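Two separate entries follow, structure 1 and structure 2, each one form of the same protein chain as structure tokens.
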Structure 1
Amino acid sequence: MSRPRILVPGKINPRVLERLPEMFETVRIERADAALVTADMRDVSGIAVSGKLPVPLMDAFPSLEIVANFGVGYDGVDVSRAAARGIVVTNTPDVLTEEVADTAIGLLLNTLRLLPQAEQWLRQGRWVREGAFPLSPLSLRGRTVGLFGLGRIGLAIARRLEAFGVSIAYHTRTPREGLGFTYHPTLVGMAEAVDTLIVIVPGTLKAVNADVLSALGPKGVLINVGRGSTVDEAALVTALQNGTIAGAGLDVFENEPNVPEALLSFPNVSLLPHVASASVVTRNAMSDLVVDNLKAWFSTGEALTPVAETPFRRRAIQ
């Protein structure tokens, strides 16, 4: 049994490790580091990876055909270099869409209604000793929501928001035919028109800058759920400090896991440690898609979810 050999560098969801033996021999190295590649490993034809895949590691495998990335985001893979070598890169879209949309709505409600702070009030004994938690100055009722980015996650968020009875707008570079939402050709224009901005664009130039936050306005609320941040964190802190905007909810940050100290001090801010897809069920589905991409490639010659930059079918082997 000469089964294809798949490298796994460093940590990965254990479900990937569990399922690879269905078709593959797994080659483990402790870190994503070309120094750890031995001569025997040079027949490796696939990689399964979560996070950074340095180019020297990728280029240590002359027979490499496919990189199966864990996550919808694949920033850690040099896709231009992969494309140049005819290497297919796959990601995990679709299976996490609904879970991410759920998290975004949860974060929005927690930011507006202060539910985590209400719970802390109760757990600190203050309901007993001091009385009712103060009324939340904000609410979802009567708000107008602007989506920066659409895609499948944006459509899923928009679908939820319609059912809460809020008006919905969106900004993308091109409008979507068919949708009954208001399209804004510019980000600043949309931020002007709405009081609630939800950032779902993947996110070096931070598009949500001082000008955008100022347009959002004094009743404005910013929600960021990304794979990276396109929010100018220093500009956000300044806006919150000065009352330029009314509140914010953030699941993603410029330099995770580090959150600037100033953001932790505001009473009108909700902070989450990048939990958008972090359920057992959804991370299991992401793991399954990594493995099923590899299985499709080696049993049929085409991947399930290849990225846009690598539209390749499997080549002949001599």
Structure 2
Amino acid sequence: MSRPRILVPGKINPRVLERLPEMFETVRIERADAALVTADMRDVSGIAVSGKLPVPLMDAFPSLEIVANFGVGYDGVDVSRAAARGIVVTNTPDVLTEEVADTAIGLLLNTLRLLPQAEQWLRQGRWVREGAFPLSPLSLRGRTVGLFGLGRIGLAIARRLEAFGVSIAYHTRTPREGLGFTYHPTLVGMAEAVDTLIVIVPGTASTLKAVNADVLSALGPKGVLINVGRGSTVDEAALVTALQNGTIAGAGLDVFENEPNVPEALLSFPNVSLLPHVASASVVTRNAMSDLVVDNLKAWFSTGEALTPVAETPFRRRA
């Protein structure tokens, strides 16, 4: 009744750890690994986690009620298996929307105008010896942007893009009514129509390698791909080929198939910007994400209703 025990496997923002003592006992393990679970941990009622939650770790806890996922994406939790056990899963929507949308525009501008490379040119002393940084072959001016995904974050990206004077289209499974953006019922169809593709869908079975050779070919030789969603959504091998052959003109990636590993071939290109999954990674936004993780757990145990349960687990607490 009094204090529930919460497991935290691996690294998490210290703000989560700082706030859990408001209601909970915290149990830490150094890695998300079932082999680290001891007999004394079998009474754990909740998990707070960033990234992967292996099924054998989740299933090591007979009294588990709730997984509070740090992040709006929760593809590291086996939600099917959670639902089958009656375990509620919560995520962190909304509190990071604007931050992520800001990073998406930054990455887009860096990709098109080569601003990081320009800064390196200056910092390495090349402005003095060799003169002006080369003119960027690309620009945002005159571009047509297609958003793959138009949810919380996709719409926030579209709102920014409206102020840059570019045409905007989108592809989702179901159109969003009331908005003045051109809907495309197929991804490849949108890709044909646009020269700039921004990926902001979840990493599910339905989006797995959706950005493939055909979509990239359709995007075309002025084509720029921006991925701020999940790396699984892009066929990473096909992207490398497309960049090698000049099938597309450039790419900016915050996410990858097998993080933190980025293939050497992607690192070679002068027309590519790469970030280590930083789209929400400010102090203020990660603090808000931490707060929402903890407030989800507090709401669950005190009222029986989570703040932001995921669609797959619209559960209420039975105790």
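Heads up, when I say rigid core I mean the largest set of C-alphas that superpose within 1.5 Å between the two forms. Residues are numbered by position in structure 1's sequence, first residue being 1.
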Next on the checklist: Is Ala156 in the same rigid part as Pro56, if the chain's motion between structures 1 and 2 is treated as two parts?
Outcome noted: no
Item to check | Rotational displacement of the smaller rigid part between structures 1 and 2, which moves against the larger, in degrees | outcome: 9
Checklist entry - With both forms fitted on the core, how large is the C-alpha shift of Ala35 between structures 1 and 2 in Å? => result 4.4
Item to check | Shift in Å of the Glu18 Cα between structures 1 and 2 [rigid core superposition] | outcome: 0.6
